[PDB]
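Novice: Sequence below, structure please.
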Amino acid sequence: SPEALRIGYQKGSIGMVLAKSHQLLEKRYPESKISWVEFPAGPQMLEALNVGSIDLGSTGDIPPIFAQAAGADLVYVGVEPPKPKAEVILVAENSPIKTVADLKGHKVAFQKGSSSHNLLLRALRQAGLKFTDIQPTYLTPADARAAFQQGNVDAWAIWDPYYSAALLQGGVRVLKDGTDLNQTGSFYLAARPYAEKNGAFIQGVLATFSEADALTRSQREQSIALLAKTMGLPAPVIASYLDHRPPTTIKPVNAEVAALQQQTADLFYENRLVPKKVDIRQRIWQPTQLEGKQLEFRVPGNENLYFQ
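Specialist: Residues are numbered from 1 along each chain as shown. You can find the structure just below:
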């Protein structure tokens, strides 16, 4: 284990947040200085990873494409399953819009460059539409939430927990979720030299986050109370939020996931969202457990006296 592990996490990095709350890493690795740094979103976290002020971070599938397209050598060390039920396009319940095709000509709010921008490009494409076929309305979630409530847009593409919060307030309906959109999953990233130097350690760390995520099922009451506090949201919103997640696993990134991530990188480059095509497979860490090298010798001679 290394001298220190500085972890970048977000409020929705469930494995990380539960591991932190339960002090699992501090207890498992008493010889490492474990530290936790909360970021407001993936891009800011990856900036920190890239200047070297943190060693391991959790983000969705989109932020890493931006960083890597800019030349960051950050590697994918682990992937979690996608959450198709947690990523949605919402309309008002009694909206005459019944399918994604019905969005043609309408105003749709979402954050530019976000997981919702990706969902929306893909959903529209299924229905034989492009962004030139609607009025894309680029807004961050607080600004979008207001516009949607005021009937200034007809649909809002957004992620959880905003989704669950809007849902419980009533009046809204999921027009489309990520289910048939073959989503990729969320990722854990590190700098390549740290991953290569600390292979066994990282694997154990990730395995710890996966154990911690499982507490949301085995200790649901306690975990809901924790996340209501840390996220600052009502317990029923957290309950809905957990109900939209599949069982979490953290695994090495396989060929299939790599190909899905490559598809998204291509989509983003094709739409000039990033300036470069990226070779996603070059950024996949093949797990290793490299033993550190030590230079050690012995001078035998007279009887060994243990200590004089």
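
Novice: from here on, contacts and neighbour counts on C-alpha atoms
Specialist: Will do.

Novice: And the helices in the stretch 201-308 of the chain?
Specialist: Taking DSSP state H, counting those that start in this stretch, the helices of the stretch 201-308 of the chain run over residues 220-231, 235-243, 255-270.

Novice: buried stuff in stretch 112-130?
Specialist: 114, 115, 116, 117, 118, 119, 120, 121, 122, 123, 124, 129 (16 or more other C-alpha atoms under 10 Å).

Novice: same check, this time on stretch 55-70
Specialist: 55-69.

Novice: check contacts around the residue nearest to residue 120 when sequence neighbours are not counted.
Specialist: Residue nearest to residue 120 in three dimensions, not counting chain neighbours: residue 157, with 7.0 Å by C-alpha to C-alpha, 6 or more residues apart in numbering. By C-alpha atoms under 8 Å, 6 or more residues apart in numbering, residue 157 lies in contact with 87, 88, 89, 90, 108, 109, 110, 116, 117, 119, 120.

Novice: of all the residues you listed, which two lie farthest apart?
Specialist: Distance extremes for the contacts of residue 157: the farthest pair is 87 and 108 at 14.9 Å, using C-alpha to C-alpha.

Novice: so residue 290 touches residue 203, yeah?
Specialist: No: judged on C-alpha atoms under 8 Å, residue 290 makes no contact with residue 203 at a distance of 11.8 Å.

Novice: more neighbours, the two?
Specialist: For residue 290 versus residue 203, neighbours defined as other C-alpha atoms under 10 Å are more numerous around residue 203 (19 against 12).

Novice: can you pull the contacts of that one?
Specialist: residue 287.

Novice: element containing residue 158?
Specialist: strand 155-159 (DSSP states H and E).

Novice: Sheet partners, orientation included, of that strand?
Specialist: Applying DSSP bridges to the sheet, strand 155-159 is found paired with strand 87-92 (antiparallel), strand 107-110 (parallel).

Novice: so where do the strands sit in the stretch 151-300 of the chain?
Specialist: Using DSSP state E, counting those that start in this stretch, the strands found in the stretch 151-300 of the chain span residues 155-159, 172-177, 186-191.

Novice: mind saving the C-alpha coords of the first one as PDB?
Specialist: Only the C-alpha atoms of strand 155-159 are listed here, as PDB (Å, rounded to 0.1, in the frame of the first residue of the first chain):
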ATOM      1  CA  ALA A 155     -39.200  18.400 -21.800                       C
ATOM      2  CA  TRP A 156     -36.200  18.200 -19.400                       C
ATOM      3  CA  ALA A 157     -33.500  15.600 -19.900                       C
ATOM      4  CA  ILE A 158     -31.900  15.100 -16.500                       C
ATOM      5  CA  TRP A 159     -30.200  12.600 -14.100                       C
END
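
Novice: circling back to that earlier point, could you dump the buried residues of stretch 112-130 to a markdown table with secondary structure and distance to residue 229?
Specialist: Conversion of these to a markdown table gives the following (DSSP: H, G, I helix; E, B strand; the rest coil; distance: C-alpha to C-alpha, whole Å):
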| residue | secondary structure | distance to residue 229 |
| --- | --- | --- |
| 114 | coil | 26 |
| 115 | helix | 25 |
| 116 | helix | 26 |
| 117 | helix | 29 |
| 118 | helix | 30 |
| 119 | helix | 29 |
| 120 | helix | 31 |
| 121 | helix | 34 |
| 122 | helix | 34 |
| 123 | helix | 34 |
| 124 | helix | 37 |
| 129 | coil | 41 |
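
Novice: so residue 214 touches residue 245, yeah?
Specialist: No: the pair residue 214 / residue 245 is not scored as a contact, 11.3 Å apart, by C-alpha under 8 Å.

Novice: Neighbour count for the two, which is higher?
Specialist: Legend: neighbour count by other C-alpha under 10 Å for residue 214 and residue 245, higher for residue 214 (19 against 15).

Novice: Contacts only, for that one.
Specialist: Applying C-alpha under 8 Å, 6+ apart, the residues near residue 214 are 247, 248.

Novice: roughly how far apart are it and residue 223?
Specialist: Counting by C-alpha to C-alpha, to the nearest Å, the separation of residue 214 from residue 223 is 10 Å.

Novice: and residue 196, what does it touch?
Specialist: Counting by C-alpha under 8 Å, 6+ apart, residue 196 has contacts 288, 290.

Novice: Can you give me the distance of it to residue 6?
Specialist: 16 Å.

Novice: and if you look at residue 62?
Specialist: For residue 62, the distance to residue 6 - C-alpha to C-alpha - is 22 Å.

Novice: Could you do residue 138 as well?
Specialist: Using C-alpha to C-alpha, residue 138 is found at 34 Å from residue 6.

Novice: I am finished for the moment; much appreciated.
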